[PDB]
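Engineer: First the structure, which I've put down as structure tokens, then a few questions once you've had a look.
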Amino acid sequence: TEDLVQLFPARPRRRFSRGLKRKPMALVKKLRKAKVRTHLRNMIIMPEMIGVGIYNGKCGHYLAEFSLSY
Amino acid sequence: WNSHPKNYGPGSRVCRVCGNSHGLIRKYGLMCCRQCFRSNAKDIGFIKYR
Amino acid sequence: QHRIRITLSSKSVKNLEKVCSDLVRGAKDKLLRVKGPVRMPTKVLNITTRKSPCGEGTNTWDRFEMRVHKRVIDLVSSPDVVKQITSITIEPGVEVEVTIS
Amino acid sequence: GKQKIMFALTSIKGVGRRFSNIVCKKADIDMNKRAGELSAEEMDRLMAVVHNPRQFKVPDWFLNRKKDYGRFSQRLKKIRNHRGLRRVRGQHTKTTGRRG
Amino acid sequence: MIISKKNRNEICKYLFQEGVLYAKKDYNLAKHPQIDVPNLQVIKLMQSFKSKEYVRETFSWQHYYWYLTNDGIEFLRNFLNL
Amino acid sequence: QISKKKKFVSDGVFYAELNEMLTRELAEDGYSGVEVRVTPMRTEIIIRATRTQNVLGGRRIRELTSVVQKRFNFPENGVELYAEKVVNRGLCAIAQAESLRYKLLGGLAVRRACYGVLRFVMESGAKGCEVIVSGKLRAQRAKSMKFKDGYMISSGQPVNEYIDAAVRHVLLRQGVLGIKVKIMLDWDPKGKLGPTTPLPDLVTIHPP
RNA sequence: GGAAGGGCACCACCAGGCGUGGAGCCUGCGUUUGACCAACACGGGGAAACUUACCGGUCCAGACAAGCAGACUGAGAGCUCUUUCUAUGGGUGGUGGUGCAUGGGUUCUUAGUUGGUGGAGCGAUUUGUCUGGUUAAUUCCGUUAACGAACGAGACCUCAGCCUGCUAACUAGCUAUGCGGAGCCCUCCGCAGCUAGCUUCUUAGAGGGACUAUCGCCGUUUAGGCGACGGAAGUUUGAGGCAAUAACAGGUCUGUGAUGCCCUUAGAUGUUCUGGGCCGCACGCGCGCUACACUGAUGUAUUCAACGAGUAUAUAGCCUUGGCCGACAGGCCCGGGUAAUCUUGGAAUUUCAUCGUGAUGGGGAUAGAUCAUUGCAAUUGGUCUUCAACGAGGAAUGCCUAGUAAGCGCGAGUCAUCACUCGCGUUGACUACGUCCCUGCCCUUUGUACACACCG
Ligand SMILES: [K+]
Ligand SMILES: [K+]
Ligand SMILES: [K+]
Ligand SMILES: [K+]
Ligand SMILES: [K+]
Ligand SMILES: [K+]
Ligand SMILES: [K+]
Ligand SMILES: [K+]
Ligand SMILES: [K+]
Ligand SMILES: [K+]
Ligand SMILES: [Mg+2]
Ligand SMILES: [Mg+2]
Ligand SMILES: [Mg+2]
Ligand SMILES: [Mg+2]
Ligand SMILES: [Mg+2]
Ligand SMILES: [Mg+2]
Ligand SMILES: [Mg+2]
Ligand SMILES: [Mg+2]
Ligand SMILES: [Mg+2]
Ligand SMILES: [Mg+2]
Ligand SMILES: [Mg+2]
Ligand SMILES: [Mg+2]
Ligand SMILES: [Mg+2]
Ligand SMILES: [Mg+2]
Ligand SMILES: [Mg+2]
Ligand SMILES: [Mg+2]
Ligand SMILES: [Mg+2]
Ligand SMILES: [Mg+2]
Ligand SMILES: [Mg+2]
Ligand SMILES: [Mg+2]
Ligand SMILES: [Mg+2]
Ligand SMILES: [Mg+2]
Ligand SMILES: [Mg+2]
Ligand SMILES: [Mg+2]
Ligand SMILES: [Mg+2]
Ligand SMILES: [Mg+2]
Ligand SMILES: [Mg+2]
Ligand SMILES: [Mg+2]
Ligand SMILES: [Zn+2]
């Protein structure tokens, strides 16, 4: 997963170079095994899962786009 | 329990005297809120001159 | 031999001045050259804070201000006689530091 | 027409002061004359410089439309993006927005 | 609050050999300022002895301080069966 | 190592912490300040009390000496802490402050307690005294009541060395009562009574 | 009091300087709340996580004192598994209410307030505390049924302003010489001389200096005032700190292990984390930032400050010097400073030119593409493109009299990242030096059917 982040925008490049937490691989393992109810939205979209639902706090981009609370 | 990273921010620093999370003065490492610090200014050695 | 530097740190001018004169004259007792006293530039700590515990009322700020005074003495002598001279009594508010110079 | 070529090409979209500067000096064109003096023997050179930035040694960052979603060069509503739908910058719009 | 035998032993030894107690109101600090015990355990144990008259308290600037008496030392001897 | 500014701030806040800790433990004895000095290899911290025979109890003083050694991570055999008697109980502002607090807590009427304290401060030899009690005494409405006499300056630089003031918040049965005591000190050239300098308005004349 | 006199004030005016209200911007008030001259960049309140008081699961932080590897979830959090907590009695936490139960303002920056004895009145009360002349002043001289006194003012303290006087400076400087650098000398840059000499230049201490003294006039021959020489200073020199009595149902229970009462005290109103929200917007108002351009933008090239702050050495959390790489944003190496040593060698303005009066190169709102830093997790900063309103702003409205206003930056607080407030310095003026006309404040006389006191 080097060419993709290489032509990804600056923010995905920096964030993926900065490392990942445990919940990211927990999420990807759950997604590939199931092949969506978590509240986390700070995963920059890679072409892995191209093919929704996040807690809004009341009920090449992050998942911090569809989390609209009002 | 306290899983959120408290390495910085008002969630880690409190007034040494009282314990508020607001009004924290930090200059010269005072580590106290303005009310408590103004209460003990004479005690610390902080005296008005002008 | 083995020049010795003593630093005198305080907040009160009178105590520092009297103890500095006392120490310099004591060094002069042993017939010893003393370069000084050197009056280190005073350093000021300024802090401003709002009196009102709650922001209600016109904003009035008090300005606490502390002064730190310092003197430095260099004595071209063996350290033992420096310790002998400084071994005499002291007054409150003055801190004595000794270093090899 | 009458404005200097330094800022005569500011009018055409996609080109401002910076690209006008990058084109009026990379074709070895005179700079202290107006556009009305400019004739056809240098208009073709100007368009060649403008239309072919990378081949003319334009610094790669200078191009405005950079690395499209995939080539350095000089939809949001449909994909349901907060940027296309929306202020996107996240502004304290409690007071502003009084234009209608 | 549940307390292990070894931890209570260590707290008692610290209270006996060095009969002065101080503590900081920070259970996130998993080590008591001198002994490796977590702060919460020793604080709750002391608050348990608080109503037992064996120690007297003084709280100054978010800091617990605890002061000993004859009942405290005799309780320590009774628990340790010295 | 530690810079001078941080160290000075640390000792200032440490002295404030020591004052707060000692004033909330010697309520039965009348803690009346502390003097701290740093001699070569020794850090002396002498506590003051109106009643000293009860501070000694001298084992408890040794426990309170270990208190600063181990709580503040001070080195052993480098810190000393003893107790001392007040030169003048009445002339000390905090002494009469907690004396009035104790008197009102015991069951005496507040008015009589302040009259007694007011007589005691003139027994000491104060130039003037002032006692202000604010809060609810008997009624739901709170009131401010004062007893003052003698010389009572109110402004200028001389206010911060020619007077001694103390303020306390005594927790009563029905609430918290605020007490303030202010004592004027006369000119003692030696300096044992009050200030060592005369007042700007006080001028002495040598007869011809 | 839309009554008569006296006095004072750029939070009042006259004479002006800048402005606000008009444009865009951001920030507060009218998805936690407090606050209505004296709320509205205020709660030091510039909230990505907590702060948090508003809206899923979780432990008991119920102390003291009758009875014993599977699935769901965001999260093997909890439930399957392990293992030797209760029924009360009650305690802790509560940013839950009560600031009208309480404790710990730009009333009033004005000069005012009160005992003791004495005099007058049956008494509330009154004189002292005042006809008059002065003062910033209830400051003083005097008058005097008052005399003698307490506060406030003054006095006091801090800083700046002057010292070719003193004290003494290798963590600060000045000069000469010697050496090296260039055009012997002379112009000239750098380096030493453990004393070349000195403290004139910077630092910091003791001191001095100004007290209205002399000159004239005025006033009473007082108190003092005006104009003069001199002097650094003739306004107590300027600017501040402190600042009396009496109150507000002024603010704060959401600063306080300050606290009384009511309420939760276990499907907890605390506690721990997850996410959101306070950042809403058709709309009204409030404090400031950026402009309307040619007195300018833009591009070259001269260059003059103060205040303060700056490390845990883990490779290294702070200030960062220098070298290298990178258009810039940013990265690696050499390292210094726990500090007068190192950062610290510290802009408008000013010669020169392209603009050329055009909403134009004034202006950059707003957008897209893009790189990287901070942060655990996106805030900001680089490049180009986009180029909105805006051509001195109605009623109203705020600040200010000298290095002041106005203009330009710097530091600190805020801070893992992001600048309004507190100080610092730079350039540097117009008018006024009068008054109570308006807005107030103070005193005396007077009127009153008010006393919650004319919002009567
Ligand atoms: K606070
Ligand atoms: K709007
Ligand atoms: K305007
Ligand atoms: K404000
Ligand atoms: K109050
Ligand atoms: K009388
Ligand atoms: K030479
Ligand atoms: K309070
Ligand atoms: K409460
Ligand atoms: K623009
Ligand atoms: Mg263009
Ligand atoms: Mg006085
Ligand atoms: Mg005064
Ligand atoms: Mg004004
Ligand atoms: Mg004014
Ligand atoms: Mg006018
Ligand atoms: Mg304007
Ligand atoms: Mg407006
Ligand atoms: Mg408007
Ligand atoms: Mg708000
Ligand atoms: Mg923010
Ligand atoms: Mg949270
Ligand atoms: Mg918060
Ligand atoms: Mg006012
Ligand atoms: Mg007043
Ligand atoms: Mg009488
Ligand atoms: Mg000099
Ligand atoms: Mg003088
Ligand atoms: Mg009220
Ligand atoms: Mg609290
Ligand atoms: Mg809570
Ligand atoms: Mg917003
Ligand atoms: Mg403001
Ligand atoms: Mg220019
Ligand atoms: Mg300069
Ligand atoms: Mg323009
Ligand atoms: Mg523009
Ligand atoms: Mg702010
Ligand atoms: Zn505090």
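Following the order of the structure tokens, chains are lettered A, B, ..., residues in each are numbered from 1, and ligands are numbered from 1.
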Using DSSP secondary structure from the backbone, list all strand (DSSP E or B) positions within chain E, as a PyMOL selection string.
Structural biologist: chain E and resi 21-24+55-59+63-68
Engineer: Do you know which residues are within 10 Å of ligand 10 using only C-alpha atoms (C1' of nucleotides) and all ligand atoms? Can you write them as a PDB file with N, CA and C atoms (P, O5', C5', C4', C3', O3' and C1' of nucleotides), in the first residue's frame?
Structural biologist:
ATOM      1  P     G G 363      -4.519  45.383  -2.122  1.00  0.00           P
ATOM      2  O5'   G G 363      -5.132  45.191  -0.663  1.00  0.00           O
ATOM      3  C5'   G G 363      -6.042  46.136  -0.120  1.00  0.00           C
ATOM      4  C4'   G G 363      -7.464  45.646  -0.208  1.00  0.00           C
ATOM      5  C3'   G G 363      -7.639  44.189  -0.597  1.00  0.00           C
ATOM      6  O3'   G G 363      -7.531  43.344   0.530  1.00  0.00           O
ATOM      7  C1'   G G 363      -9.190  45.568  -1.776  1.00  0.00           C
ATOM      8  P     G G 364      -6.214  42.467   0.788  1.00  0.00           P
ATOM      9  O5'   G G 364      -6.819  41.056   1.197  1.00  0.00           O
ATOM     10  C5'   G G 364      -8.093  40.987   1.830  1.00  0.00           C
ATOM     11  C4'   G G 364      -9.085  40.191   1.022  1.00  0.00           C
ATOM     12  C3'   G G 364      -8.627  38.788   0.634  1.00  0.00           C
ATOM     13  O3'   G G 364      -9.729  37.887   0.701  1.00  0.00           O
ATOM     14  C1'   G G 364      -9.136  40.031  -1.319  1.00  0.00           C
ATOM     15  P     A G 365      -9.701  36.676   1.755  1.00  0.00           P
ATOM     16  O5'   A G 365     -11.209  36.549   2.243  1.00  0.00           O
ATOM     17  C5'   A G 365     -11.781  37.514   3.113  1.00  0.00           C
ATOM     18  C4'   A G 365     -13.200  37.817   2.712  1.00  0.00           C
ATOM     19  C3'   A G 365     -14.018  36.615   2.270  1.00  0.00           C
ATOM     20  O3'   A G 365     -14.583  35.914   3.362  1.00  0.00           O
ATOM     21  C1'   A G 365     -14.281  38.382   0.713  1.00  0.00           C
ATOM     22  P     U G 366     -14.145  34.400   3.661  1.00  0.00           P
ATOM     23  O5'   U G 366     -14.642  33.605   2.375  1.00  0.00           O
ATOM     24  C5'   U G 366     -16.021  33.552   2.045  1.00  0.00           C
ATOM     25  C4'   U G 366     -16.241  32.962   0.676  1.00  0.00           C
ATOM     26  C3'   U G 366     -15.322  31.820   0.284  1.00  0.00           C
ATOM     27  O3'   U G 366     -15.676  30.575   0.860  1.00  0.00           O
ATOM     28  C1'   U G 366     -15.458  33.349  -1.499  1.00  0.00           C
ATOM     29  P     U G 386      -7.586  33.430 -12.133  1.00  0.00           P
ATOM     30  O5'   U G 386      -8.694  32.979 -11.080  1.00  0.00           O
ATOM     31  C5'   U G 386      -9.787  32.159 -11.466  1.00  0.00           C
ATOM     32  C4'   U G 386     -10.927  32.270 -10.485  1.00  0.00           C
ATOM     33  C3'   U G 386     -11.402  33.684 -10.190  1.00  0.00           C
ATOM     34  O3'   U G 386     -12.308  34.171 -11.164  1.00  0.00           O
ATOM     35  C1'   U G 386     -11.116  32.506  -8.158  1.00  0.00           C
ATOM     36  P     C G 387     -12.128  35.643 -11.780  1.00  0.00           P
ATOM     37  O5'   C G 387     -12.241  36.612 -10.519  1.00  0.00           O
ATOM     38  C5'   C G 387     -13.436  36.682  -9.747  1.00  0.00           C
ATOM     39  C4'   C G 387     -13.246  37.503  -8.495  1.00  0.00           C
ATOM     40  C3'   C G 387     -13.022  38.997  -8.724  1.00  0.00           C
ATOM     41  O3'   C G 387     -13.598  39.730  -7.643  1.00  0.00           O
ATOM     42  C1'   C G 387     -11.159  38.089  -7.596  1.00  0.00           C
ATOM     43  P     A G 388     -15.083  40.329  -7.773  1.00  0.00           P
ATOM     44  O5'   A G 388     -15.990  39.282  -6.987  1.00  0.00           O
ATOM     45  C5'   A G 388     -17.395  39.234  -7.188  1.00  0.00           C
ATOM     46  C4'   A G 388     -18.144  39.555  -5.919  1.00  0.00           C
ATOM     47  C3'   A G 388     -18.212  41.027  -5.541  1.00  0.00           C
ATOM     48  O3'   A G 388     -19.235  41.728  -6.224  1.00  0.00           O
ATOM     49  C1'   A G 388     -17.550  39.773  -3.661  1.00  0.00           C
TER      50        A G 388
END
Engineer: To one decimal in Å, tell me the separation between atom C1' of residue G:150 and atom CA of residue F:156.
Structural biologist: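 Atom-to-atom, atom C1' of residue G:150 to atom CA of residue F:156, that is 17.2 Å.
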Engineer: Extract, using only C-alpha atoms (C1' of nucleotides), all DNA, RNA and protein residues at most 10 Å from residue C:42, discarding same-chain residues fewer than 5 positions from it, and format them as a list in words.
Structural biologist: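 Residues near the query, excluding close chain neighbours: residues 10, 11, 67, 68, 69, 70 and 71 of chain C; 203, 204 and 340 of chain G.
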Engineer: Save the residues we just selected, C-alpha atoms (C1' of nucleotides), as a PDB file, in the first residue's frame?
Structural biologist:
ATOM      1  CA  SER C  10      18.143  37.808  47.020  1.00  0.00           C
ATOM      2  CA  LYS C  11      14.996  39.911  46.766  1.00  0.00           C
ATOM      3  CA  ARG C  67      12.394  42.092  41.907  1.00  0.00           C
ATOM      4  CA  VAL C  68      15.397  39.759  42.044  1.00  0.00           C
ATOM      5  CA  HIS C  69      18.721  41.343  42.996  1.00  0.00           C
ATOM      6  CA  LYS C  70      22.100  39.693  42.546  1.00  0.00           C
ATOM      7  CA  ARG C  71      25.738  40.412  43.314  1.00  0.00           C
TER       8      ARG C  71
ATOM      9  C1'   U G 203      24.701  48.127  34.636  1.00  0.00           C
ATOM     10  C1'   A G 204      23.189  49.065  40.315  1.00  0.00           C
ATOM     11  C1'   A G 340      23.874  40.316  31.075  1.00  0.00           C
TER      12        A G 340
END
Engineer: Where does DSSP see alpha helix (DSSP H) in chain A, if you list the residues as an MDAnalysis selection string?
Structural biologist: chainID A and resid 3:7 10:17 22:34
Engineer: Report as a ChimeraX atom specification which protein, DNA and RNA residues come within 10 Å of ligand 2, using only C-alpha atoms (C1' of nucleotides) and all ligand atoms.
Structural biologist: /D:93-100 /G:280-283
Engineer: Next, the residues of the selection above should be written as a PDB file, in the first residue's frame with C-alpha atoms (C1' of nucleotides).
Structural biologist:
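Once everything was written out, this is again.pdb:
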ATOM      1  CA  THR D  93     -21.963  31.697  11.105  1.00  0.00           C
ATOM      2  CA  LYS D  94     -24.132  32.895  14.006  1.00  0.00           C
ATOM      3  CA  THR D  95     -23.656  36.527  12.937  1.00  0.00           C
ATOM      4  CA  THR D  96     -22.692  36.378   9.249  1.00  0.00           C
ATOM      5  CA  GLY D  97     -24.828  35.196   6.343  1.00  0.00           C
ATOM      6  CA  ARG D  98     -27.012  38.325   6.183  1.00  0.00           C
ATOM      7  CA  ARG D  99     -26.840  38.677   2.386  1.00  0.00           C
ATOM      8  CA  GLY D 100     -30.371  37.296   1.968  1.00  0.00           C
TER       9      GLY D 100
ATOM     10  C1'   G G 280     -27.036  27.047  13.877  1.00  0.00           C
ATOM     11  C1'   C G 281     -28.969  31.530  10.734  1.00  0.00           C
ATOM     12  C1'   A G 282     -34.027  33.624   7.107  1.00  0.00           C
ATOM     13  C1'   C G 283     -32.691  37.850  11.518  1.00  0.00           C
TER      14        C G 283
END
Engineer: If we count only C-alpha atoms, which residues of chain E reach to within 12 Å of chain F? Please list them as an MDAnalysis selection string.
Structural biologist: chainID E and resid 18:24 32:34 56:70
Engineer: Could the residues in this selection be saved with C-alpha atoms as a JSON list (two decimals), in the first residue's frame?
Structural biologist:
[["chain", "number", "residue", "atom", "x", "y", "z"],
["E", 18, "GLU", "CA", 7.69, 5.42, 59.02],
["E", 19, "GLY", "CA", 4.76, 6.76, 61.03],
["E", 20, "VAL", "CA", 3.97, 9.66, 58.69],
["E", 21, "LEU", "CA", 1.45, 9.39, 55.83],
["E", 22, "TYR", "CA", 0.86, 11.68, 52.86],
["E", 23, "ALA", "CA", -1.05, 11.08, 49.65],
["E", 24, "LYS", "CA", -2.05, 12.77, 46.40],
["E", 32, "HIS", "CA", 1.94, 5.69, 45.53],
["E", 33, "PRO", "CA", 4.62, 8.41, 45.72],
["E", 34, "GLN", "CA", 7.03, 6.10, 47.60],
["E", 56, "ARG", "CA", -6.37, 12.00, 62.13],
["E", 57, "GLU", "CA", -6.58, 13.83, 58.81],
["E", 58, "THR", "CA", -5.44, 17.15, 57.33],
["E", 59, "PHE", "CA", -6.34, 18.16, 53.77],
["E", 60, "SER", "CA", -4.33, 21.02, 52.26],
["E", 61, "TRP", "CA", -4.09, 21.89, 48.54],
["E", 62, "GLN", "CA", -5.59, 18.65, 47.20],
["E", 63, "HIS", "CA", -3.18, 16.69, 49.40],
["E", 64, "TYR", "CA", -4.11, 14.16, 52.05],
["E", 65, "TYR", "CA", -2.02, 14.07, 55.20],
["E", 66, "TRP", "CA", -2.53, 11.59, 58.02],
["E", 67, "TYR", "CA", -1.17, 11.74, 61.55],
["E", 68, "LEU", "CA", -0.76, 8.86, 63.98],
["E", 69, "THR", "CA", -1.87, 8.23, 67.56],
["E", 70, "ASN", "CA", -1.46, 5.59, 70.26]]
Engineer: My list of candidates is G:11, G:37, G:355, G:293. Which is closest to chain D when distances are computed with only C-alpha atoms (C1' of nucleotides)?
Structural biologist: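 The answer is G:355, which sits nearest to chain D.
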Engineer: Compile the residues of chain D that lie within 10 Å of chain A, evaluated using only C-alpha atoms, and express the compilation as a PyMOL selection string.
Structural biologist: chain D and resi 67-70+80-83
Engineer: Any chance you could export the current selection's N, CA and C atoms as a CSV table (one decimal), in the first residue's frame?
Structural biologist:
chain,number,residue,atom,x,y,z
D,67,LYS,N,-2.6,17.2,-9.9
D,67,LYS,CA,-2.8,15.8,-9.6
D,67,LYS,C,-4.3,15.5,-9.4
D,68,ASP,N,-5.1,15.7,-10.4
D,68,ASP,CA,-6.5,15.5,-10.4
D,68,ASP,C,-6.8,14.0,-9.9
D,69,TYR,N,-8.1,13.9,-9.5
D,69,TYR,CA,-8.6,12.6,-9.0
D,69,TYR,C,-8.7,11.6,-10.1
D,70,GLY,N,-5.3,12.3,-13.0
D,70,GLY,CA,-4.1,12.0,-12.2
D,70,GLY,C,-2.9,12.6,-12.7
D,80,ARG,N,-22.4,13.2,-2.7
D,80,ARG,CA,-22.9,13.5,-1.4
D,80,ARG,C,-21.8,13.8,-0.4
D,81,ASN,N,-21.1,14.9,-0.7
D,81,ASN,CA,-20.0,15.4,0.1
D,81,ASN,C,-20.4,16.6,0.9
D,82,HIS,N,-19.9,16.7,2.1
D,82,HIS,CA,-20.1,17.9,2.9
D,82,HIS,C,-19.6,19.1,2.3
D,83,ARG,N,-18.5,19.0,1.5
D,83,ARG,CA,-17.9,20.1,0.8
D,83,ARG,C,-18.8,20.6,-0.3
Engineer: For ligand 28, collect every residue having any atom at a distance of at most 12 Å from a ligand atom (counting only C-alpha atoms (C1' of nucleotides) and all ligand atoms); output as a list in words.
Structural biologist: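 Based on only C-alpha atoms (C1' of nucleotides) and all ligand atoms, ligand 28 is surrounded within 12 Å by residues 161, 162, 163, 207, 208, 209, 210, 211, 232, 233 and 237 of chain G.
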Engineer: Near residue E:7, within 12 Å and counting only C-alpha atoms (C1' of nucleotides), which residues show up once chain neighbours fewer than 5 positions away are dropped, as a VMD selection string?
Structural biologist: chain E and resid 2 12 to 14 32 35 to 42 45
Engineer: Near chain G, meaning an atom within 9 Å, which residues of chain B appear when counting only C-alpha atoms (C1' of nucleotides)? Write them as a list in words.
Structural biologist: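 Every residue meeting the condition is included here: residues 1, 2, 3, 4, 5, 6, 7, 8, 9, 10, 11, 12, 17, 18, 19, 20, 21, 22, 23, 25, 26, 27, 33, 34, 35, 36, 48, 49 and 50 of chain B.
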Engineer: Could you please take those selected residues and save N, CA and C atoms as a tab-separated table (two decimals), in the first residue's frame?
Structural biologist:
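That gives us part.tsv:
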chain	number	residue	atom	x	y	z
B	1	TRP	N	-10.80	2.90	31.77
B	1	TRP	CA	-10.49	3.88	32.80
B	1	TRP	C	-9.38	4.82	32.35
B	2	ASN	N	-9.75	6.09	32.13
B	2	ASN	CA	-8.81	7.14	31.73
B	2	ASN	C	-8.08	6.76	30.44
B	3	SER	N	-8.79	6.05	29.55
B	3	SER	CA	-8.16	5.57	28.32
B	3	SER	C	-7.81	6.71	27.38
B	4	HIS	N	-8.53	7.82	27.45
B	4	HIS	CA	-8.24	8.96	26.59
B	4	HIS	C	-6.87	9.53	26.94
B	5	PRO	N	-6.03	9.85	25.94
B	5	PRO	CA	-4.70	10.38	26.24
B	5	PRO	C	-4.75	11.73	26.95
B	6	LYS	N	-4.33	11.75	28.22
B	6	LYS	CA	-4.29	12.96	29.03
B	6	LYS	C	-2.88	13.52	29.14
B	7	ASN	N	-2.10	13.42	28.06
B	7	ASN	CA	-0.73	13.92	28.08
B	7	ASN	C	-0.67	15.45	28.10
B	8	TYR	N	-1.77	16.12	27.78
B	8	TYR	CA	-1.80	17.58	27.78
B	8	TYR	C	-3.23	18.03	28.08
B	9	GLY	N	-3.49	19.32	27.87
B	9	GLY	CA	-4.83	19.85	27.95
B	9	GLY	C	-5.27	20.15	29.37
B	10	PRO	N	-6.44	20.78	29.50
B	10	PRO	CA	-6.99	21.05	30.84
B	10	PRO	C	-7.42	19.80	31.59
B	11	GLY	N	-7.53	18.66	30.92
B	11	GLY	CA	-7.85	17.42	31.61
B	11	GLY	C	-6.70	16.83	32.40
B	12	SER	N	-5.50	17.40	32.28
B	12	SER	CA	-4.34	16.93	33.02
B	12	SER	C	-3.79	17.94	34.01
B	17	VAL	N	-3.72	24.81	44.30
B	17	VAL	CA	-4.42	25.18	45.52
B	17	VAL	C	-5.85	24.63	45.50
B	18	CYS	N	-6.65	25.07	44.53
B	18	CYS	CA	-8.07	24.71	44.49
B	18	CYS	C	-8.32	23.47	43.63
B	19	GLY	N	-7.99	23.53	42.34
B	19	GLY	CA	-8.18	22.39	41.47
B	19	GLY	C	-9.04	22.65	40.26
B	20	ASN	N	-9.32	23.92	39.97
B	20	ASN	CA	-10.11	24.25	38.80
B	20	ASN	C	-9.37	23.88	37.52
B	21	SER	N	-10.15	23.62	36.48
B	21	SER	CA	-9.62	23.36	35.14
B	21	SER	C	-9.67	24.60	34.26
B	22	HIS	N	-9.93	25.77	34.85
B	22	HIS	CA	-10.04	27.01	34.10
B	22	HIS	C	-9.27	28.11	34.82
B	23	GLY	N	-8.80	29.09	34.05
B	23	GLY	CA	-8.02	30.17	34.61
B	23	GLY	C	-6.64	29.77	35.07
B	25	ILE	N	-2.98	29.71	35.44
B	25	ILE	CA	-1.75	30.42	35.13
B	25	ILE	C	-0.60	29.42	35.14
B	26	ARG	N	0.33	29.60	34.21
B	26	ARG	CA	1.46	28.69	34.06
B	26	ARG	C	2.80	29.40	33.99
B	27	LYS	N	2.80	30.73	33.93
B	27	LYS	CA	4.05	31.47	33.84
B	27	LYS	C	4.93	31.17	35.05
B	33	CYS	N	-4.89	28.49	39.57
B	33	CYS	CA	-5.87	29.38	38.97
B	33	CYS	C	-5.69	30.80	39.49
B	34	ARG	N	-6.29	31.75	38.77
B	34	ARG	CA	-6.07	33.16	39.08
B	34	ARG	C	-6.63	33.54	40.45
B	35	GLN	N	-7.76	32.95	40.85
B	35	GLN	CA	-8.36	33.31	42.13
B	35	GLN	C	-7.48	32.86	43.30
B	36	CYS	N	-7.08	31.59	43.29
B	36	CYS	CA	-6.22	31.08	44.36
B	36	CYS	C	-4.87	31.78	44.36
B	48	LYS	N	2.19	44.35	45.23
B	48	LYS	CA	1.94	45.44	44.31
B	48	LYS	C	2.99	46.53	44.47
B	49	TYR	N	3.43	47.08	43.34
B	49	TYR	CA	4.36	48.21	43.34
B	49	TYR	C	3.81	49.43	42.63
B	50	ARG	N	3.08	49.24	41.53
B	50	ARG	CA	2.47	50.34	40.81
B	50	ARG	C	1.33	49.84	39.94
Engineer: Counting only C-alpha atoms (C1' of nucleotides) and all ligand atoms, name the residues that have an atom within 10 Å of an atom of ligand 15; the answer should be given as a list in words.
Structural biologist: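 Every residue with an atom at most 10 Å from ligand 15 is listed here: residues 9, 10, 11, 12 and 400 of chain G.
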Engineer: As a list in words, please: every protein or nucleic acid residue near ligand 21 (cut-off 8 Å, counting only C-alpha atoms (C1' of nucleotides) and all ligand atoms).
Structural biologist: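 Residues lying within 8 Å of ligand 21: residues 46, 47, 48, 379 and 418 of chain G.
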Engineer: Just give me the gap between atom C1' of residue G:420 and atom CA of residue D:91 in Å, one decimal is fine.
Structural biologist: 17.9 Å
Engineer: Kindly determine which residues of chain F lie within 10 Å of chain B, considering only C-alpha atoms, and give the answer as a list in words.
Structural biologist: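 Listed by rising number, the hits are residues 5, 6, 7, 8, 9, 10, 11, 12, 13, 14, 15, 16, 17, 19, 20 and 157 of chain F.
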Engineer: Could you tell me how far atom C1' of residue G:29 lies from atom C1' of residue G:41, in Å and to one decimal?
Structural biologist: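 Distance between the two atoms: 12.4 Å.
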